[PDB]
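Below is one structure, written out as structure tokens, with a few remarks after it.
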Amino acid sequence: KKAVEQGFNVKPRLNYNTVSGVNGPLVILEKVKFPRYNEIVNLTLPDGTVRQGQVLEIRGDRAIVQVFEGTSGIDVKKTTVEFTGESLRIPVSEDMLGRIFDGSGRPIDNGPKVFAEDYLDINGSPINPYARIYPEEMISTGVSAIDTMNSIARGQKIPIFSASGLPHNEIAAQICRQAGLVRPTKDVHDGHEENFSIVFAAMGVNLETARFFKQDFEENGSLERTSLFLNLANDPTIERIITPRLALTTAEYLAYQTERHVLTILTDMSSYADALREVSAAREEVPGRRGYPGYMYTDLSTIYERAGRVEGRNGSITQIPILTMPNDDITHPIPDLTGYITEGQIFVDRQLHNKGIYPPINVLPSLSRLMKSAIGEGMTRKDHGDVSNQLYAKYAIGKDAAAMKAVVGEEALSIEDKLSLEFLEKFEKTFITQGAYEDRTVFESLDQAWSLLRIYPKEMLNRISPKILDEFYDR
Amino acid sequence: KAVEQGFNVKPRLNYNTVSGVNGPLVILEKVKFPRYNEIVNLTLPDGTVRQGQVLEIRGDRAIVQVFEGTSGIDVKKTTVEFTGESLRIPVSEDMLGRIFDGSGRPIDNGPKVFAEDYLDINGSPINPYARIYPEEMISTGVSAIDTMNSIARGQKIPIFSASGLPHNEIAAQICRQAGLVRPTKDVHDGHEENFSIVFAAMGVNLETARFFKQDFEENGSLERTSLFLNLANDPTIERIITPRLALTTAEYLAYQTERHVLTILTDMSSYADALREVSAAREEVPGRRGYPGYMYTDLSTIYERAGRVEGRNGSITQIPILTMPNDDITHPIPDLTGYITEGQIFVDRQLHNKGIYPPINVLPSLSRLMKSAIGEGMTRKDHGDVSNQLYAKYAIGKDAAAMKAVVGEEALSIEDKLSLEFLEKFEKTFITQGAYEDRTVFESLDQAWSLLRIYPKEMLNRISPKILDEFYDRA
Amino acid sequence: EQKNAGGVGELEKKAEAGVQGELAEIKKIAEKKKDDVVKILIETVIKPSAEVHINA
Amino acid sequence: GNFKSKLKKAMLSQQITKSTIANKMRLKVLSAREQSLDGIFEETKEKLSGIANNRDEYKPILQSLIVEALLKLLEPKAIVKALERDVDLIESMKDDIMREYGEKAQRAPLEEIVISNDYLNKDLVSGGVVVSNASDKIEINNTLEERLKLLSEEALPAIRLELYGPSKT
Amino acid sequence: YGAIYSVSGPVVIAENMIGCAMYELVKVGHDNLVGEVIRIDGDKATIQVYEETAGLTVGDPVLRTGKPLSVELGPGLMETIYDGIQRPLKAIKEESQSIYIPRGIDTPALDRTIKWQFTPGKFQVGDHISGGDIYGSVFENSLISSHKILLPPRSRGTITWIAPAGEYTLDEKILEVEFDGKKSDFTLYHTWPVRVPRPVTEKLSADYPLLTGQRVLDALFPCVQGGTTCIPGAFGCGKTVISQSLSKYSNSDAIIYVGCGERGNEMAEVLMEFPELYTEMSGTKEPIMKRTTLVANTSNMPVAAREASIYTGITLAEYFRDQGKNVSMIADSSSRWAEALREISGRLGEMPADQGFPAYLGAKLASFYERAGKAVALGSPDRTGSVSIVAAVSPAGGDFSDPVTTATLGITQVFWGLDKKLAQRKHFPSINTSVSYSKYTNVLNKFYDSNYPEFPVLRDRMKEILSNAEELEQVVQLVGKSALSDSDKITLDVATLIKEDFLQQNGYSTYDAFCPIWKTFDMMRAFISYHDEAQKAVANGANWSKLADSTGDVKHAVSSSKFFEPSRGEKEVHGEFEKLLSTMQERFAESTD
């Protein structure tokens with residue numbers, strides 16, 4: 001039976017007209033009756049404006065309410081702050097798929113409030129380490145550079161490292177439009193037996209991009225599988241901390257309380273870290289390294305590690321947390337910590353983007369640690385692993401031989417290196433280079449990879465096992 | 001026109017309520033209506049008088065920074081009589097010609113200045129609409145300055161200099177050779193071709209003070225200069241107001257008597273040190289390197305009291321020497337001076353080590369309003385393009401030298417070898433200049449052309465082809 | 001292009017027809033369960049939980 | 001290519017129109033369900049306003065609501081604001097409310113409860129009262145309209161599990 | 001009501017100020033210095049005082065005003081210089097004949113004495129009105145003719161009386177609307193809190209390019225009317241050229257130049273410059289000062305003035321966006337504004353996060369930028385406005401490690417980053433064509449496909465050539481050009497030709513001062529086709545040294561194509577480029593054999 005009948009009790013909310021002090025984004029109350037630590041408040045301005053705030057610290061009968069949407073206008077005499085009795089909690093239901101939500105959980109589209117199945121708490125709870133199970137099958141992303149040789153497994157949490165101005169913010173839209181299991185591609189049985197979904201989460205996106213996301217998911221068919229959590233750059237930063245927690249709570253719902261898989265996207269976690277700096281400095285904490293709070297790693301992990309398959313429940317959350325390289329250096333705390341928690345990295349490279357390539361995925365540094373789980377006979381074709389290995393090897397050969405073309409001249413390169421230059425040109429221009437709206441099935445992308453590797457004679461494909469060459473090279 | 005408003009006597013409240021004293025700032029209590037910036041004539045138990053300045057009032061408390069140091073002050077017997085008005089220097093046109101101690105006391109044997117007006121040392125903001133753009137070039141004579149960093153009359157242009165470099169010699173030379181490139185007339189009268197220097201030695205060793213005094217005596221400038229000396233053994237907080245005293249006398253001299261003034265402020269790095277001392281004994285929030293957060297504003301108030309004014313024939317050129325420490329521009333003193341002052345002359349150490357005088361390094365040197373005091377009708381026609389060409393080929397020569405160090409001379413093209421030759425001849429014959437050389441800008445440009453003629457006409461690409469065809473082949 | 005436009009119009013009409021059934025089912029369920037949901041809501045609103053806050 | 005560009009445009013525009021129409025239809029179904037729920041809530045609000053009218057059974061409800069508000073505020077002197085119609089009822093039940101608060105909470109009986117002259121807006125508040133601390137600073141709202149407003153947000157999941165049943169969780 | 005209780009510089013901690021709202025204007029002292037609260041502690045309220053605080057004493061009255069820092073919008077601000085707090089500088093000089101701005105000078109922000117012509121507009125008596133509804137039109141200039149005065153965004157109601165056509169000073173009662181029973185009284189001007197964006201009905205997608213003139217900016221990294229940028233702020237060129245170019249030619253129907261933290265002599269230059277920029281503007285040669293407010297704010301001016309300078313500028317720009325004018329807001333040196341935020345936090349005492357900058361620097365830049373949308377105005381009649389920030393960022397000593405630039409990079413769609421090497425070479429403009437970017441390359445395709453179909457392909461080819469050749473140069477500078485293949489030599493040489501003749505742009509000569517879009521497109525075509533001809537010719541037998549010697553004439557032709565005077569019009573300049581390209585193709589065909 002459903003034990004949700006406990007929600008019928010009404011809890012009257014106290015309404016304090018005792019905002020004694022105001023300091024930056026904080027307001028300080030007094031004579032408060034048992035102020036809960038983390039507790040959303042409906043802070044009323046003198047003119048009547050409701051302005052949500054979150055309690056940030058308590059001391060006896062004083063609660064330091066942190067106020068969203070700035071603080072200007074909050075006086076000491078007329079403002080009245082009302083304590084909702086519980087911390088912020090998203091209203092969840094199996095039919096939010098197709099709602100573009102604001103940063104703070106309110107639907108920003110023209111639709112109505114979600115007919116909540118449950119009011120799940122935001123922070124959720126850590127997943128029992130004994131209850132995890134290893135990522136197994138591919139979660140195809142439609143991007144040729146990512147699907148074949150940077151593959152993503154159901155449960156992996158692999159980021160897309162990105163420079164400041166690179167189109168990563170469009171690769172996110174491409175993935176969210178084209179993501180999906182390979183079971184429909186397998187065509188051996190009903191691939192829609194276990195549904196798929198996505199919970200996009202844009203953080204710190206400027207309006208010229210948030211509107212692009214909304215338009216590009218509405219216009220294409222991706223909305224009926226997506227819960228787009230948009231918060232703007234000028235939306236309150238506390239909502240910017242909230243949004244990834246919101247999206248991961250929705251993902252945990254959709255993936256464990258229901259059964260459908262989900263490929264959650266966290267756009268520009270660097271902006272989330274920027275907002276976390278503001279929260280840390282609001283609490284008067286001293287800055288840790290680089291200005292980010294010392295507990296950066298804890299509040300990044302408490303986002304990333306809310307993903308992975310689960311023993312018993314069939315669903316699985318796949319993270320692709322996109323983040324902007326602050327100054328294009330791995331040594332920066334945010335890329336470093338994310339690569340220290342996540343299962344790999346998928347670079348987007350300025351050098352390739354300046355050549356006009358799209359996507360500008362840089363394969364040489366990008367790697368998926370647990371790719372080998374999502375590659376094999378059962379999921380994708382059996383040649384996928386060796387095709388990936390050989391493509392990476394020949395790409396490295398092509399890159400260094402392109403470096404040597406200017407040193408030893410073109411004519412003095414071994415025939416392997418000449419074929420490798422030809423392969424690198426065709427590779428970067430036809431395989432990595434993918435139309436923004438071109439959905440390439442992993443089987444189709446492997447077919448292109450084979451049509452690209454058959455430049456070389458069978459003997460020069462040393463990386464591929466002969467049992468695969470003897471049946472895939474010629475076709 | 002009468003200032004008879006001053007014939008009134010305001011008896012001064014005389015306290016004995018020094019609460020405590022730490023570092024350079026005494027702290028006072030039980031004050032009755034303290035003024036924020038009024039100076040205080042606190043008397044030590046010895047009977048001597050030390051001129052303080054209220055730094056921040058609070059209720060009945062008034063943190064007072066004490067010029068002339070706090071040594072010897074006490075609590076039981078120190079009496080702090082409050083003058084009701086901010087610090088007001090007695091200013092007159094008779095100060096021209098005699099030497100003032102840092103805090104305005106005349107250390108010259110003569111008497112106190114028989115002032116005809118009392119100007120607030122902090123001055124007042126000059127209405128930017130009423131300001132007039134400084135376009136009249138002054139021929140400083142230093143070929144490394146006039147050709148490529150031309151100082152215009154009204155411009156602010158600090159002489160950034162390492163510790164131990166001969167910045168003092170350069171400043172003395174600029175004083176000796178200052179003069180408009182196209183003066184009003186040849187005669188001393190009518191043209192007024194003499195800048196009435198107002199020099200503020202603050203935190204300088206006594207050798208520098210003697211050097212400047214005897215160099216002004218030899219040049220004859222000491223009959224029209226107001227040396228505001230604050231030596232090393234002079235107090236450390238008095239350096240706060242010495243630049244303000246010098247600038248307010250300069251303002252009186254330039255705007256209120258239509259005189260032309262060139263206001264040197266020597267060793268302003270010591271001013272930043274004094275400001276750091278005061279604002280670190282205040283327990284303020286420190287800036288980049290322990291310096292006060294507000295350094296930008298209380299250095300702009302020093303700098304931005306320069307430039308010509310509509311309706312007044314005067315003008316305040318100022319050349320604040322700046323002992324940038326450890327020889328890195330990004331130190332917050334030179335870094336916060338590069339913001340405010342348009343351009344800077346960078347006196348460079350490794351050029352000095354090679355014996356070049358003046359050791360002015362062109363590429364880091366700049367003059368953000370050199371672009372308007374050049375061209376036709378003011379100095380030679382080709383000045384603007386010659387300066388750009390010299391800068392570009394100097395940069396090319398330095399890059400060629402770096403490559404030659406890293407990689408053998410073979411990798412250098414003919415352009416790089418020509419640039420190395422040009423850089424050698426540049427540093428040795430154009431930057432190099434006698435202490436009394438006084439190179440007029442036209443013969444400086446002739447040397448610049450005889451230097452640039454190393455290159456083929458097809459290779460001076462930054463020169464407009466008309467200027468090339470007109471000047472290159474004259475020889 | 002003309003066929004696509006005509007298909008878009010026909011698809012809008014067909015989508016309205018399809019959503020009409022779901023809307024009808026929703027109205028039927030609401031008309032069936034309103035008399036009970038309103039009663040439960042009125043009972044919950046009119047019956048208070050008089051209890052001093054824990055940490056009394 | 002001359003046919004390719006316009007035909008790709010035709011296919012893309014047809015897909016975009018189909019997706020937009022599908023999204024509009026889905027949001028229309030969801031909004032129709034929400035409008036039905038809002039109709040249920042409006043019927044509930046009318047029923048609450050009607051129940052507040054029957055004073056004979058409303059008096060215990062008002063006394064219990066005042067007791068709950070005073071217990072939550074937990075102050076020894078409180079100001080209660082009520083509509084003009086219920087001023088006499090509050091005055092009559094003052095002693096009973098004081099005794100009940102002296103028993104519902106182990107505190108001493110309430111020192112003094114004063115009914116404010118700033119009566120609540122009779123056109124909006126269908127019933128109840130809005131208690132407030134002695135300084136009128138920390139005030140709790142217990143009006144029936146506001147209680148229903150709280151309930152409509154705190155009991156959406158129960159409403160769904162009542163009207164529809166478990167779907168796919 | 002109030003009284004001062006502490007002074008510490010701009011910070012002035014009043015007392016008995018209970019009831020004051022945050023960020024509320026509060027006159028300070030008997031001189032009525034203008035200050036705003038920033039922290040409230042019971043009675044006390046820490047006020048930043050926007051003034052030279054010297055002379056304040058405890059007990060000095062601090063009288064509230066109950067209105068946030070407000071900018072006096074309305075006709076009359078079109079041509080005028082303003083201070084950071086919207087003080088009319090020229091009006092101050094006129095009323096107070098001295099050259100100093102007196103402490104606490106009241107002067108109304110808009111000239112009250114001027115009598116503007118006014119036409120009744122659309123709405124009539126008894127007709128309902130809403131915020132932003134145009135209810136009149138004033139003839140301000142010959143270049144901002146029909147400055148459509150509009151109702152304040154918040155207020156609404158039914159009209160009870162609207163003044164007929166005629167002339168009215170600023171205060172005259174123009175409109176009298178009634179809401180509930182309280183009938184508000186409306187005049188020809190209305191204030192607005194600078195800290196809150198002026199609301200709009202809906203923000204559209206900026207998709208018409210802001211032709212900025214500089215070849216590399218319009219071609220490689222285009223910007224869009226209603227976008228946002230970061231010109232590098234370097235001296236000489238970059239900031240200096242782009243400012244005047246967008247002032248004179250960019251077709252922005254109004255302009256605001258807010259120079260926060262700009263050196264005093266630089267402003268004195270700007271003030272003597274803008275009145276003299278009608279030299280080549282469209283129409284009948286009217287000075288652009290008729291078409292641009294400018295918010296002068298020298299560095300010496302108090303900190304909070306620098307902080308609020310760009311807020312005033314952007315609120316003025318939003319106002320001119322609400323009339324449907326494609327305003328552009330050249331926020332010069334926003335790094336100075338970030339420094340002002342740093343030091344105001346330092347005075348305030350809150351803990352800074354990065355390099356001493358306050359933690360909320362990113363949020364503050366986001367709030368300042370996201371008011372840059374191309375949006376429809378709030379009220380009827382529907383009208384499309386567009387404001388486009390151009391926020392110069394002084395790079396300081398560092399290149400991009402400075403937290404202001406790093407926090408800005410996550411917001412601005414366009415970033416014309418500086419190149420130190422190109423500046424040391426005196427290669428103007430000196431933007432870095434490898435780290436700059438424009439997220440507006442793809443949205444503009446809707447515009448390119450209609451006018452210049454090959455523009456995106458050519459831009460991608462240009463970028464590919466430049467990037468491949470920078471890769472190649474990074475090696476040849478280390479080894480030498482002997483081993484380079486012929487195709488490598490062509491890529492390197494065409495890159496040098498591009499970087500010297502297309503990307504480079506004097507910006508001061510009568511030619512190439514403003515390179516229009518068609519001339520830029522034609523030069524892109526010429527250079528790309530020259531590279532294509534060279535590559536195709538060496539794909540055949542012809543070695544490249546002899547080919548370069550034989551087609552030096554063609555190389556010089558494509559190099560000097562920049563000299564084509566744009567005032568000749570597209571009709572004949574495009575003919576010149578067609579002739580050039582045809583002769584190019586025929587010469588390469590000849591020299592192939």
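Chain labels A, B, ... are given in the sequence in which chains occur in the structure tokens; within each chain residues are numbered consecutively from 1, and ligands are likewise numbered from 1 in the order shown.
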Could you list, as an MDAnalysis selection string, the residues of chain A having an atom within 8 Å of chain E when counting only C-alpha atoms?
chainID A and resid 20:24 71:78 164:167 204:208 211 233:234 236:237 271 274:275 277:278 281:282 284:287 290:292 326:327 350:351 354:356 403 405:410
Using only C-alpha atoms, select each residue of chain E with any atom at most 6 Å away from an atom of chain B, and give the selection as a PDB file with N, CA, C and O atoms, in the first residue's frame.
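Result file follows (out_33.pdb):
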```pdb
ATOM      1  N   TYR E   5      26.991  57.859  12.893  1.00  0.00           N
ATOM      2  CA  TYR E   5      27.585  57.233  14.056  1.00  0.00           C
ATOM      3  C   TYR E   5      29.001  56.753  13.808  1.00  0.00           C
ATOM      4  O   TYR E   5      29.718  56.473  14.772  1.00  0.00           O
ATOM      5  N   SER E   6      29.433  56.678  12.555  1.00  0.00           N
ATOM      6  CA  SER E   6      30.800  56.312  12.228  1.00  0.00           C
ATOM      7  C   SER E   6      31.104  56.782  10.820  1.00  0.00           C
ATOM      8  O   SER E   6      30.210  56.882   9.982  1.00  0.00           O
ATOM      9  N   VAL E   7      32.375  57.075  10.571  1.00  0.00           N
ATOM     10  CA  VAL E   7      32.871  57.360   9.233  1.00  0.00           C
ATOM     11  C   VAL E   7      34.194  56.635   9.073  1.00  0.00           C
ATOM     12  O   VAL E   7      35.023  56.652   9.984  1.00  0.00           O
ATOM     13  N   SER E   8      34.387  55.988   7.932  1.00  0.00           N
ATOM     14  CA  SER E   8      35.637  55.283   7.685  1.00  0.00           C
ATOM     15  C   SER E   8      36.066  55.419   6.236  1.00  0.00           C
ATOM     16  O   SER E   8      36.704  54.516   5.687  1.00  0.00           O
ATOM     17  N   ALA E  54      35.106  63.510   3.713  1.00  0.00           N
ATOM     18  CA  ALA E  54      35.777  64.370   4.677  1.00  0.00           C
ATOM     19  C   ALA E  54      34.863  65.501   5.115  1.00  0.00           C
ATOM     20  O   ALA E  54      34.159  66.103   4.304  1.00  0.00           O
ATOM     21  N   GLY E  55      34.869  65.782   6.410  1.00  0.00           N
ATOM     22  CA  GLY E  55      34.027  66.807   6.977  1.00  0.00           C
ATOM     23  C   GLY E  55      32.794  66.293   7.684  1.00  0.00           C
ATOM     24  O   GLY E  55      32.130  67.071   8.377  1.00  0.00           O
ATOM     25  N   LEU E  56      32.466  65.016   7.532  1.00  0.00           N
ATOM     26  CA  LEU E  56      31.320  64.458   8.231  1.00  0.00           C
ATOM     27  C   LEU E  56      31.633  64.302   9.711  1.00  0.00           C
ATOM     28  O   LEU E  56      32.763  63.999  10.094  1.00  0.00           O
ATOM     29  N   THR E  57      30.627  64.525  10.549  1.00  0.00           N
ATOM     30  CA  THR E  57      30.766  64.399  11.990  1.00  0.00           C
ATOM     31  C   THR E  57      29.607  63.581  12.531  1.00  0.00           C
ATOM     32  O   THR E  57      28.538  63.523  11.924  1.00  0.00           O
ATOM     33  N   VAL E  58      29.822  62.944  13.683  1.00  0.00           N
ATOM     34  CA  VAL E  58      28.723  62.231  14.310  1.00  0.00           C
ATOM     35  C   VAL E  58      27.625  63.229  14.642  1.00  0.00           C
ATOM     36  O   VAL E  58      27.885  64.399  14.948  1.00  0.00           O
ATOM     37  N   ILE E  99      35.475  75.143 -11.828  1.00  0.00           N
ATOM     38  CA  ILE E  99      35.826  73.909 -12.521  1.00  0.00           C
ATOM     39  C   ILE E  99      35.717  72.684 -11.637  1.00  0.00           C
ATOM     40  O   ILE E  99      36.112  71.592 -12.063  1.00  0.00           O
ATOM     41  N   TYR E 100      35.218  72.825 -10.418  1.00  0.00           N
ATOM     42  CA  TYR E 100      35.097  71.711  -9.491  1.00  0.00           C
ATOM     43  C   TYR E 100      33.633  71.340  -9.324  1.00  0.00           C
ATOM     44  O   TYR E 100      32.762  72.212  -9.303  1.00  0.00           O
ATOM     45  N   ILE E 101      33.364  70.046  -9.207  1.00  0.00           N
ATOM     46  CA  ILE E 101      32.012  69.607  -8.891  1.00  0.00           C
ATOM     47  C   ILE E 101      31.829  69.753  -7.386  1.00  0.00           C
ATOM     48  O   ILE E 101      32.526  69.091  -6.606  1.00  0.00           O
ATOM     49  N   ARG E 263      40.984  56.787 -17.071  1.00  0.00           N
ATOM     50  CA  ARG E 263      41.901  57.844 -16.668  1.00  0.00           C
ATOM     51  C   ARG E 263      41.378  59.205 -17.104  1.00  0.00           C
ATOM     52  O   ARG E 263      40.800  59.347 -18.182  1.00  0.00           O
ATOM     53  N   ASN E 265      42.555  62.054 -18.219  1.00  0.00           N
ATOM     54  CA  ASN E 265      42.936  62.623 -19.506  1.00  0.00           C
ATOM     55  C   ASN E 265      42.329  61.847 -20.662  1.00  0.00           C
ATOM     56  O   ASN E 265      42.017  62.433 -21.703  1.00  0.00           O
ATOM     57  N   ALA E 268      38.956  63.311 -20.949  1.00  0.00           N
ATOM     58  CA  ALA E 268      39.091  64.620 -21.574  1.00  0.00           C
ATOM     59  C   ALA E 268      39.315  64.487 -23.071  1.00  0.00           C
ATOM     60  O   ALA E 268      38.897  65.355 -23.843  1.00  0.00           O
ATOM     61  N   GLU E 269      39.973  63.409 -23.495  1.00  0.00           N
ATOM     62  CA  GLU E 269      40.060  63.103 -24.918  1.00  0.00           C
ATOM     63  C   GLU E 269      38.695  62.743 -25.481  1.00  0.00           C
ATOM     64  O   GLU E 269      38.282  63.270 -26.519  1.00  0.00           O
ATOM     65  N   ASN E 300      39.543  58.741 -10.132  1.00  0.00           N
ATOM     66  CA  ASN E 300      39.648  59.434  -8.848  1.00  0.00           C
ATOM     67  C   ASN E 300      38.306  59.546  -8.142  1.00  0.00           C
ATOM     68  O   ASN E 300      38.250  59.559  -6.913  1.00  0.00           O
ATOM     69  N   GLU E 343      37.227  46.585  -3.965  1.00  0.00           N
ATOM     70  CA  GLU E 343      37.588  47.474  -2.871  1.00  0.00           C
ATOM     71  C   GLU E 343      36.375  47.904  -2.058  1.00  0.00           C
ATOM     72  O   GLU E 343      36.509  48.176  -0.862  1.00  0.00           O
ATOM     73  N   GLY E 346      36.133  45.137   0.261  1.00  0.00           N
ATOM     74  CA  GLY E 346      37.195  45.267   1.244  1.00  0.00           C
ATOM     75  C   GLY E 346      36.853  46.256   2.340  1.00  0.00           C
ATOM     76  O   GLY E 346      37.041  45.976   3.525  1.00  0.00           O
ATOM     77  N   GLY E 397      48.442  42.957 -15.803  1.00  0.00           N
ATOM     78  CA  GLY E 397      49.673  42.241 -16.092  1.00  0.00           C
ATOM     79  C   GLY E 397      49.423  40.870 -16.685  1.00  0.00           C
ATOM     80  O   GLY E 397      50.026  40.500 -17.696  1.00  0.00           O
ATOM     81  N   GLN E 424      53.142  43.817 -29.611  1.00  0.00           N
ATOM     82  CA  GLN E 424      54.568  44.124 -29.639  1.00  0.00           C
ATOM     83  C   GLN E 424      55.066  44.304 -31.063  1.00  0.00           C
ATOM     84  O   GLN E 424      56.049  45.015 -31.292  1.00  0.00           O
ATOM     85  N   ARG E 425      54.409  43.674 -32.028  1.00  0.00           N
ATOM     86  CA  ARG E 425      54.724  43.904 -33.429  1.00  0.00           C
ATOM     87  C   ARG E 425      54.037  45.141 -33.980  1.00  0.00           C
ATOM     88  O   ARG E 425      54.235  45.462 -35.154  1.00  0.00           O
ATOM     89  N   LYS E 426      53.240  45.830 -33.166  1.00  0.00           N
ATOM     90  CA  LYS E 426      52.420  46.944 -33.633  1.00  0.00           C
ATOM     91  C   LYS E 426      51.562  46.519 -34.819  1.00  0.00           C
ATOM     92  O   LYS E 426      51.570  47.143 -35.881  1.00  0.00           O
ATOM     93  N   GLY E 480      63.247  25.358 -39.268  1.00  0.00           N
ATOM     94  CA  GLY E 480      63.605  26.074 -40.470  1.00  0.00           C
ATOM     95  C   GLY E 480      62.729  25.678 -41.648  1.00  0.00           C
ATOM     96  O   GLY E 480      62.147  24.591 -41.700  1.00  0.00           O
TER      97      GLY E 480
END
```
Run DSSP on the backbone of this structure and report the residues of stretch 147-325 of chain E it assigns to strand (DSSP E), as a PyMOL selection string.
chain E and resi 157-162+166-168+173-178+185-187+202-203+255-262+292-298
Contacts of residue A:244 at 9 Å or less, counting only C-alpha atoms, minus same-chain residues fewer than 3 places along, as an NGL selection string?
:A and (103 or 201-203 or 229 or 240-241 or 247-249 or 266 or 269 or 272 or 303)
Take the residues from that selection and put them in a file with N, CA, C and O atoms, as a CSV table (one decimal), in the first residue's frame.
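Writing the result to part-v5.csv gives the following:
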```csv
chain,number,residue,atom,x,y,z
A,103,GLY,N,15.6,27.1,-12.2
A,103,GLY,CA,16.6,26.6,-11.4
A,103,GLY,C,16.1,26.1,-10.0
A,103,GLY,O,16.7,25.2,-9.5
A,201,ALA,N,20.6,19.5,-17.2
A,201,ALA,CA,20.7,20.5,-16.1
A,201,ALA,C,21.7,21.6,-16.5
A,201,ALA,O,22.9,21.4,-16.4
A,202,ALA,N,21.2,22.7,-17.0
A,202,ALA,CA,22.0,23.8,-17.4
A,202,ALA,C,22.3,24.7,-16.2
A,202,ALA,O,21.3,25.1,-15.5
A,203,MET,N,23.5,25.0,-15.9
A,203,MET,CA,23.9,25.8,-14.8
A,203,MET,C,24.8,27.0,-15.3
A,203,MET,O,25.8,26.7,-16.0
A,229,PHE,N,16.4,21.4,-16.7
A,229,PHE,CA,16.5,22.3,-15.6
A,229,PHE,C,17.4,23.4,-16.0
A,229,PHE,O,18.6,23.4,-15.8
A,240,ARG,N,21.7,28.2,-8.5
A,240,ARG,CA,22.7,27.5,-9.3
A,240,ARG,C,23.3,26.3,-8.5
A,240,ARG,O,23.7,25.3,-9.1
A,241,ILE,N,23.5,26.4,-7.2
A,241,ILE,CA,23.9,25.3,-6.4
A,241,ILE,C,22.7,24.3,-6.4
A,241,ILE,O,23.0,23.0,-6.4
A,247,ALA,N,18.5,18.1,-10.4
A,247,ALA,CA,18.5,17.2,-11.6
A,247,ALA,C,18.9,15.8,-11.1
A,247,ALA,O,18.3,14.9,-11.6
A,248,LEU,N,19.8,15.7,-10.2
A,248,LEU,CA,20.2,14.4,-9.8
A,248,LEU,C,19.1,13.8,-8.9
A,248,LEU,O,19.0,12.5,-9.0
A,249,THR,N,18.3,14.5,-8.2
A,249,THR,CA,17.2,13.9,-7.5
A,249,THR,C,16.1,13.4,-8.5
A,249,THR,O,15.6,12.3,-8.3
A,266,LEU,N,25.1,17.6,-16.8
A,266,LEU,CA,25.3,18.8,-16.0
A,266,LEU,C,26.2,19.8,-16.7
A,266,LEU,O,27.4,19.6,-16.9
A,269,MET,N,29.8,22.7,-15.1
A,269,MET,CA,30.0,22.6,-13.7
A,269,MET,C,31.0,23.6,-13.1
A,269,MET,O,31.1,23.9,-11.9
A,272,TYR,N,28.9,26.1,-11.7
A,272,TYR,CA,28.4,25.7,-10.4
A,272,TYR,C,29.5,25.8,-9.3
A,272,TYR,O,29.1,26.2,-8.2
A,303,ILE,N,27.6,15.1,-5.9
A,303,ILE,CA,26.9,15.2,-7.1
A,303,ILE,C,27.2,14.0,-8.0
A,303,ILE,O,26.4,13.3,-8.5
```
Residue nearest residue C:16 - candidates D:62, D:90, D:79, D:27, atoms counted: only C-alpha atoms
D:27
What residues in chain A have any atom no more than 7 Å from chain D when counting only C-alpha atoms, and can you write them as a list in words?
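Every residue of chain A that passes the 7 Å test is in residues 4, 5, 7, 8, 10, 12, 13, 14, 15, 16, 17, 18, 111, 112, 115, 116, 117, 118, 218, 219, 220, 221, 257 and 258 of chain A.
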Length of the atom CA of residue B:428 to atom CA of residue B:356 vector [Å]
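Result for atom CA of residue B:428 versus atom CA of residue B:356: 7.1 Å, one decimal.
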